[PDB]
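What follows is a set of notes on a single structure, which appears directly below.
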Amino acid sequence: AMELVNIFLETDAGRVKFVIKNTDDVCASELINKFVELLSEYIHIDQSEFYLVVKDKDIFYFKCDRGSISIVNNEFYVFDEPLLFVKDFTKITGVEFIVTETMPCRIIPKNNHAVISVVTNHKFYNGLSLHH
């Protein structure tokens with residue numbers, strides 16, 4: 001079981017996750033193409049530039065630059081912001097990207113979908129915490 005933690009669907013019923021099951025014998029590197037295929041329903045992969053953050057126990061970062069996929073070093077964003085999700089829907093209205101200072105995006109949607117951009121800056125502990 002793996003899911004994206006930085007890209008979601010906006011639907012009539014609420015936020016829907018990108019989830020792939022039956023992955024026990026594969027690492028994130030081995031199925032990142034399948035997540036890109038899922039996203040191609042909703043955006044023009046050949047024109048878009050974005051990041052994919054996959055959770056499978058650990059977190060794994062990838063970049064998809066006009067269809068060319070690469071590994072990104074671990075950036076330590078929590079991708080925690082307690083999100084509400086729904087499991088079923090009838091209409092897609094948009095695609096939601098969680099963007100960061102180091103992970104911008106350039107998205108060309110299909111089918112007149114909205115592009116939603118939400119920022120996160122929260123990172124795991126790195127040896128120093130600051131009272132704000």
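Going by the structure tokens order, chains are called A, B, ..., each with residues numbered from 1, while ligands are numbered from 1 in the order shown.
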Using only C-alpha atoms, what table do you get, as a tab-separated table, when you list each residue of range 91-119 of chain A with an atom no more than 7 Å from range 47-52 of chain A, its nearest pair of atoms, and their distance in Å rounded to one decimal, rows by chain then rising number?
residue	atom	partner	partner_atom	distance
A:103	CA	A:51	CA	6.4
A:104	CA	A:50	CA	6.8
A:105	CA	A:50	CA	4.6
A:106	CA	A:49	CA	5.0
A:107	CA	A:48	CA	4.8
A:108	CA	A:48	CA	5.8
Exercise for review: For range 56-73 of chain A, please output as an NGL selection string all residues within 12 Å (counting only C-alpha atoms; exclusion window: fewer than 5 positions along the same chain).
Suggested key: :A and (1-6 or 19-37 or 39-40 or 43-51 or 78-80 or 102-108 or 124)
Next, the residues of the selection above should be written as a compact mmCIF listing (two decimals), in the first residue's frame with C-alpha atoms.
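The resulting file, selection34.txt, is shown below:
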# COMPACT_ATOMS: atom_id res chain seq x y z
CA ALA A 1 0.00 0.00 0.00
CA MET A 2 1.36 3.39 -1.08
CA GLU A 3 -0.21 6.83 -1.40
CA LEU A 4 0.70 10.32 -2.51
CA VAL A 5 0.92 12.81 0.36
CA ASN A 6 1.39 16.01 -1.68
CA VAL A 19 -3.64 5.20 -3.51
CA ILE A 20 -2.10 2.04 -4.99
CA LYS A 21 -2.49 -1.33 -3.28
CA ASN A 22 -0.83 -4.69 -3.86
CA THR A 23 2.68 -3.20 -3.56
CA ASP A 24 4.19 -5.48 -0.92
CA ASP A 25 6.94 -6.68 -3.30
CA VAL A 26 7.92 -3.31 -4.77
CA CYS A 27 9.49 -0.07 -3.58
CA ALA A 28 8.29 3.43 -4.41
CA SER A 29 10.89 3.71 -7.18
CA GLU A 30 9.27 0.74 -8.92
CA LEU A 31 5.72 2.18 -9.21
CA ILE A 32 6.23 5.92 -9.56
CA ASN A 33 5.29 5.50 -13.23
CA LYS A 34 1.89 4.18 -12.13
CA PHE A 35 1.23 7.26 -10.01
CA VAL A 36 2.14 9.42 -13.00
CA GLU A 37 -0.30 7.41 -15.13
CA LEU A 39 -2.32 11.74 -12.65
CA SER A 40 -2.38 11.83 -16.47
CA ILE A 43 -3.26 16.95 -16.08
CA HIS A 44 -1.04 17.11 -19.18
CA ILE A 45 2.05 15.20 -18.03
CA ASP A 46 4.00 16.19 -21.14
CA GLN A 47 3.66 19.91 -20.30
CA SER A 48 3.63 19.90 -16.49
CA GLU A 49 6.44 20.05 -13.95
CA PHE A 50 5.73 18.85 -10.43
CA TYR A 51 6.87 16.72 -7.51
CA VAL A 78 5.98 16.43 7.59
CA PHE A 79 3.04 16.38 5.12
CA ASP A 80 1.00 16.02 8.30
CA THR A 102 11.77 23.75 -2.74
CA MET A 103 8.89 22.13 -4.68
CA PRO A 104 7.07 24.55 -6.99
CA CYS A 105 4.78 23.34 -9.74
CA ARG A 106 3.72 24.18 -13.29
CA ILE A 107 0.43 22.45 -14.02
CA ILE A 108 -1.61 22.31 -17.21
CA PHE A 124 10.52 17.07 11.04
Practice item. Could you pull out the residues in chain A that DSSP calls strand (DSSP E) from the backbone, as a ChimeraX atom specification? Key: /A:2-11,14-20,49-56,58-65,68-72,92-99,114-119
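Closest approach to residue 76 in chain A among A:90, A:126, A:42, A:99: A:126, based on only C-alpha atoms.
Between residue 7 in chain A and the candidates A:97, A:125, A:77, A:89, the tightest atom-to-atom separation, counting only C-alpha atoms, involves A:97.
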Exercise for review: From the DSSP assignment of the backbone, select every residue of range 9-115 of chain A that is helix (DSSP H, G or I), and format the answer as a ChimeraX atom specification.
Suggested key: /A:28-40
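The nearest approach to residue 96 in chain A among the residues A:132, A:113, A:123, A:55, with only C-alpha atoms taken into account, belongs to A:113.
The residue that comes closest to residue 93 in chain A, out of A:114, A:75, A:121, A:81 and on the basis of only C-alpha atoms, is A:114.
CA of residue 116 in chain A sits 12.0 Å away from CA of residue 11 in chain A.
From CA of residue 111 in chain A back to CA of residue 82 in chain A, the distance works out to 29.1 Å.
In this model, the gap between CA of residue 83 in chain A and CA of residue 100 in chain A comes to 17.0 Å.
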